[PDB]
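Only one structure is covered here, and it is reproduced in the block below.
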DNA sequence: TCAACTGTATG
DNA sequence: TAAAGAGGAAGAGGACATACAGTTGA
RNA sequence: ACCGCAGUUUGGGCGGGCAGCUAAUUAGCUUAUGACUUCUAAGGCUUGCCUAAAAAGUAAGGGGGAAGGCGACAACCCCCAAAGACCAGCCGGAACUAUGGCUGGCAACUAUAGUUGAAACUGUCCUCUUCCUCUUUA
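Residue numbers (the authors' numbering), protein chains in the order written: chain A, 1 to 129, 172 to 485, 510 to 595; chain E, 4 to 108.
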């Protein structure tokens, strides 16, 4: 799927409407988060009962085995020191791993009170110093007494209006499409929070007045109208909007694509509409996918209807996949990231980095210093005059902050464009790509590397090569920068970027060569090419 | 082996007493507390001679918990001679508590 | 009286 | 040159990109 | 250098662009991580003159009128111009240099023949971490 980003112009009334909608969305975010945190207790209790059962089963299986090995197995986890056991005892150690974390408990006689979360969804919970968990409800309306079991229960405008009236706030003017979009964002964040395979995703955070929602998401339908002759887009909740983009008709390509969803976005550069487009066949595929729960509920997974649905889904997906495959020349490349060159190639090509972004970063640093000095002087004058209330920001300071924000946006956009171009070039030229990076240098360099966005480059190149029908590899990095590629022997470097092979049997003996080229050749060889 | 505490004797028990003392604030009707009771029982035995352990029931010494800035149960306080050397809140796992003590001893 | 919006179901 | 606060951003890296009933209103 | 405008970026395009040297208010070379207006805390040379953080503002296609601004300037009116530069194929191991060459058509400019018309675009949400500025202590 692709996203087309089109600049639009809004009137003052439309901007006021947008601000009001974003405020309502922030309120909804906070309400949903409070409800979800209140509700996590039941999930944790079910998990705990299951874990107690698992510890009991591990205990029974450990005790029912012979007494000779079980004592050492228990001590293995009960003592920090761990000797090199035999396979027989190691198998039991693994088979009773749940002892590596917990020990049996009754979990009986508890009153399931609401719990407070920490940095993880299961461990570290505490109950604040009697009242069993109870569900919240919509105060009144047509849906009085409905328990808010899940967050999807909050997708009701009537109940949300009842809550707003209970809190003495005006009724919502925001449409339900954007409510659904915000709820989708929250659901994704919470699922990331509870997934153990992710160890950097944690509890979602409340949003203060300085961190309001900046986007409206409609994930239910495409824009109501896209008038291409008159340059107008009619979307939900607003009067018609004017488009001030010159190439949008050509990029959108509305005669061969299919609009699915959209988002109204605000950036320092202006207001945008992002339209998601996909292959025409997609609309069939989804119609079948959403139909699977029905047949699975009506005929069972073993029925012929299920098999027919799966076959048709596979057929459509294969057609979509083959809709974007390009025949190649079967050229293989080894790529090595570098310090002077962003990427180096197995045949001597050193690509220069995005040197224009460094200047933007320096400009940002200077402007930040200037703004901080100005703020310090203003605060000193405010205090001297004799006031204790918090200060109100000035117009010059607002202008300076706007400039800093625009520079940040420009740097991000420049990096994005450079990475897109390089990824497209590499995808077009080569069919098989071998990629490996040696980040040992990290053990200011971080300042330089934070601006090259190598991970984004690699991700784009991987995606684009896969779509075209190519192959992408990530070979191991063991002994790549210090190994002669035509000999495999460890050589020496006579410069900051030069390398020479050692043994006299080498064909390139005593011939300086670029180190990056050698690393690229080694990566290519380790990829089977 | 762990020493049951009381409100009357806390000052001498946990401050004048020599060596570090790991006091756990415990309540029966809680889940995470029942999750870690075995682990504290184990640690009281493994580290015996290197760190003493203690328990205070917040339903039977209500005035002690507020004083030391404790709000949620369970809570672990490693006291050392008049002051809280280390503090922790949450039903840690075995590895977490073990590394915690190893760092704080 | 038909397009657009709101409620239900699933993941 | 070093370390700890507060505030403003970005980079990493994983997902995501709806279908039908039922109701309103110009 | 930098700033504003062309969907977003790079090479370019129109406009703004401190100071010094040189030549003849207007053209070249070095060069500033923008330029200008108003009023001030402060500082310098000697009672006057200079430089000025902060604060509040102005303009950023060409030309001619023009209510009104302390000023940079300008609501409104008339004429001229129109670059983030055209379309479709085929080669290319496409770097250095942010994509080179050929073929056909179509535009614009020169003298029926020549020159120019460069590339790319999948964004949003979230949680962590990093970078920077300024402070306090060391």
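Quick reminder that beta carbons are idealized off the backbone N, C-alpha and C, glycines included.
The beta strand (DSSP E) that contains residue i, what's its start and end?
i, result
"residue 82 of chain E", "78-83"
"residue 379 of chain A", "374-379"
"residue 111 of chain E", "The requested residue 111 of chain E does not occur in the structure, where chain E is confined to residues 4 to 108."
"residue 259 of chain A", "257-260"
"residue 283 of chain A", "283-285"
"residue 274 of chain A", "274-276"
Does residue i come out as helix, strand or coil in the three-state DSSP assignment?
i, result
"residue 478 of chain A", "coil"
"residue 300 of chain A", "strand"
"residue 239 of chain A", "coil"
"residue 600 of chain A", "Residue 600 of chain A is absent from the structure shown; chain A starts at 1 and stops at 595."
"residue 221 of chain A", "helix"
"residue 264 of chain A", "coil"
"residue 87 of chain E", "strand"
"residue 99 of chain E", "helix"
"residue 453 of chain A", "helix"
"residue 469 of chain A", "helix"
"residue 534 of chain A", "helix"
"residue 126 of chain A", "strand"
"residue 201 of chain A", "helix"
"residue 368 of chain A", "coil"
"residue 116 of chain A", "strand"
For residue i, collect the residues of the same chain with a Cβ closer than 7 Å to its Cβ; drop the 5 residues on either side in sequence, then sort them by chain order.
i, result
"residue 125 of chain A", "44, 115, 116, 117, 118"
"residue 97 of chain E", "42"
"residue 86 of chain E", "none"
"residue 185 of chain A", "198, 200, 201"
"residue 56 of chain E", "5, 25, 43, 46, 47"
In the DSSP output, what is residue i paired with across the bridge?
i, result
"residue 521 of chain A", "Answer is none; residue 521 of chain A lacks a bridge partner."
"residue 392 of chain A", "A/386"
"residue 7 of chain E", "E/58"
"residue 317 of chain A", "A/4, A/304"
"residue 580 of chain A", "A/564"
"residue 309 of chain A", "A/312"
"residue 269 of chain A", "A/274"
"residue 179 of chain A", "A/189"
"residue 549 of chain A", "A/556"
"residue 208 of chain A", "Note: residue 208 of chain A sits in no beta bridge, so no partner."
"residue 92 of chain E", "E/78"
"residue 9 of chain A", "A/284"
"residue 575 of chain A", "A/567"
By Cβ distance below 6 Å, which residues in the same chain neighbour residue i in space, the five residues on each side in sequence not counted?
i, result
"residue 25 of chain A", "224, 255"
"residue 23 of chain E", "54, 81, 83"
In its own chain, which residues sit with a C-beta less than 8 Å from the C-beta of residue i, not counting the 5 before and 5 after it?
i, result
"residue 410 of chain A", "446"
"residue 320 of chain A", "1, 2, 299, 300, 302"
"residue 205 of chain A", "31, 180, 181"
"residue 69 of chain A", "88, 89, 92"
"residue 277 of chain A", "260, 265, 266, 283, 304, 306, 315"
"residue 444 of chain A", "310"
"residue 297 of chain A", "none"
"residue 337 of chain A", "345, 347, 348, 351"
Under 7 Å from any heavy atom of the ligand ZN, does the C-beta of residue i make it?
i, result
"residue 401 of chain A", "In the structure on display, the ligand ZN does not appear, and there are no ligands present to speak of."
Please report the residue range of the alpha helix (DSSP H) in which residue i lies.
i, result
"residue 421 of chain A", "398-427"
"residue 68 of chain A", "67-78"
"residue 44 of chain E", "34-49"
"residue 343 of chain A", "Note, residue 343 of chain A: premise wrong, no alpha helix (DSSP H); not H, not E."
"residue 45 of chain A", "12-63"
"residue 87 of chain A", "87-95"
"residue 98 of chain A", "Taken as a continuous stretch (DSSP letters only), residue 98 of chain A belongs to no alpha helix (DSSP H), as it is neither H nor E."
"residue 292 of chain A", "290-294"
"residue 110 of chain A", "Residue 110 of chain A -> no alpha helix (DSSP H), and no H or E assigned at all."
Inter-stretch contact (C-beta, 8 Å, three-pair minimum) for the region 460-480 of chain A and the region 421-440 of chain A: Taking 8 Å as the limit for Cβ pairs, the verdict is that the region 421-440 of chain A does not touch the region 460-480 of chain A.
Meets three-Cβ-pair contact criterion under 8 Å: the region 461-472 of chain A and the region 513-526 of chain A: The region 461-472 of chain A and the region 513-526 of chain A touch, with no fewer than 3 CB-CB distances between them shorter than 8 Å.
Sufficient close CB pairs (3 or more, under 8 Å) joining the region 25-44 of chain E to the region 105-112 of chain A: Contact check between the region 25-44 of chain E and the region 105-112 of chain A: three or more CB pairs, one atom from each, fall below 8 Å, which counts as touching.
At least three beta-carbon pairs within less than 8 Å, the region 266-275 of chain A to the region 240-249 of chain A: No, the region 266-275 of chain A is not in contact with the region 240-249 of chain A.
Stretch pair the region 554-569 of chain A + the region 339-355 of chain A: three plus CB contacts closer than 8 Å: Taking one beta carbon from each stretch, the region 554-569 of chain A and the region 339-355 of chain A have fewer than 3 pairs nearer than 8 Å; the two do not touch.
Three CB pairs or more closer than 8 Å across the region 220-236 of chain A and the region 285-293 of chain A: Result no; under three Cβ-Cβ pairs closer than 8 Å.
Three-pair Cβ contact test at 8 Å for the region 317-335 of chain A versus the region 357-376 of chain A: Flag = yes, the region 317-335 of chain A and the region 357-376 of chain A touch.
Validate contact between the region 538-547 of chain A and the region 392-404 of chain A using beta carbons, cut 8 Å, 3 pairs: Taking one beta carbon from each stretch, the region 538-547 of chain A and the region 392-404 of chain A have fewer than 3 pairs nearer than 8 Å; the two do not touch.
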